[PDB]
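Working notes, structure below.
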Ligand SMILES: [Mg+2]
Ligand SMILES: [Mg+2]
């Protein structure tokens, strides 16, 4: 029986397009009048952050603030603009102003509440991530919020999923995990016995669909999967 449904954040609850806008607005603020295209700075940021962060996948937790500050330091040195003071605060303000949920999120979360444990798992620092969920208006819709800072390891290390399950009080066999990353989300959660749902909104990850138990393009399909699993 499925008693718990856990959600990834970025690309699952939190819009990738909204995240791009957030990040572009950060770059615009950082640069000011510096004669660099903010979109080009953003493109370079995304490359470095992907690589720097891929080195931490499954590894012991390190504050993401520190990792991203080091990326920005490299970018400032590369392009010649002054390293921005209070970068973290700029980023938090931009995320609260421009971050966006996918349109079905509130409905889906509310539909599961009262029948299942509703959880979110964030590969992030706890205070900023929780304040962002609060700004988007959904912090209190969750029975549990679990983070890499709490578990001590980044996805797909099993500890973050183990902790989420403990908060819900069930073993993995009783839970579903929905995420958009085949290896870090589907593979990671399967390692604890969870039922993995790969969210492929644009149908662009077919070559990785066999890494998950179910594939969906819209979070409204999740409750139908859970209902069927429960008879
Ligand atoms: Mg994601
Ligand atoms: Mg995350």
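Cβ sites come from the backbone with ideal geometry, for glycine too, and all protein chains shown count toward neighbours. All of the numbers you see were taken from the coordinates with simple rules; none came from a lab.
With the Cα gyration tensor of the stretch 187-231 giving a ≥ b ≥ c as the square roots of its eigenvalues, does the rule (a/c under 1.5 for rounded; else a/b larger than b/c for prolate; else oblate) give rounded, prolate or oblate? Because a/c hits 1.5 or more and a/b fails to exceed b/c, the stretch 187-231 counts as oblate. Were the residues from residue 39 through residue 53 laid out at 0.36 nm apart, the gain over their Cα-Cα distance would be 3.0 nm. Taking every Cα-Cα distance in the chain and sorting them into 5 Å bins from zero, the calculated P(r) comes out as 1, 7, 14, 18, 19, 16, 11, 7, 4, 2, 1, 0, 0 percent. What is the helix-to-structure angle for 16-31, meaning the angle in degrees between its Cα long axis and the longest Cα principal axis of the chain, kept from 0 to 90 and rounded to the nearest 10? The two axes meet at around 20 degrees.
Using the rule -39500 (n - 2.57) for each DSSP H run of four or more residues, divided by the residues of the chain, the 222 nm mean residue ellipticity is -14000 deg cm²/dmol.
When the chain is treated as a GNM with alpha-carbon contacts under 10 Å, the residue of 11, 32, 119 showing the greatest mean-square fluctuation is 32. Axis of helix 87-98 versus longest Cα principal axis of the chain: the two differ by about 60°, to the nearest ten degrees. Rounded, prolate or oblate: pick one for the stretch 129-231, where a ≥ b ≥ c are the square roots of the eigenvalues of its C-alpha gyration tensor, a/c under 1.5 means rounded, and failing that, prolate if a/b is larger than b/c, else oblate. Rounded, since a/c falls under 1.5.
In this calculation the C-beta distance from residue 70 to residue 98 is compared with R0 = 22 Å, giving a FRET efficiency of 0.40. With N the number of residues in the stretch 60-166, Rg(Cα) / (2.2 N^0.38 Å) evaluates to 1.26.
By DSSP, the beta bridges lying fully in the chain are antiparallel in about 10 percent of cases. Neighbour counts of other Cβ atoms within 10 Å put 30, 178, 183 in the fewest-to-most order 183, 30, 178. Can you figure out the FRET efficiency of residue 126 with residue 17, using R₀ = 22 Å and their beta-carbon distance, to the nearest 0.05? The value I calculate is 0.30. Report, to the nearest 10°, how far helix 158-168 tilts away from the longest principal axis of the Cα atoms in the chain, using its own Cα long axis and a range of 0 to 90°. For 158-168 against the chain, the angle is about 60 degrees. Take the Cβ atoms of residue 204 and residue 106, set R0 to 30 Å, and the FRET efficiency comes out at 0.75. Mean silhouette area of the stretch 17-98, derived from the convex hull of its C-alpha atoms and averaged over all directions, reads 5.5 nm². Compare 51, 207, 70 in a GNM of the chain, Cα atoms joined below 10 Å, and give the one with the largest fluctuation. Residue with maximal mean-square fluctuation among 51, 207, 70: 207.
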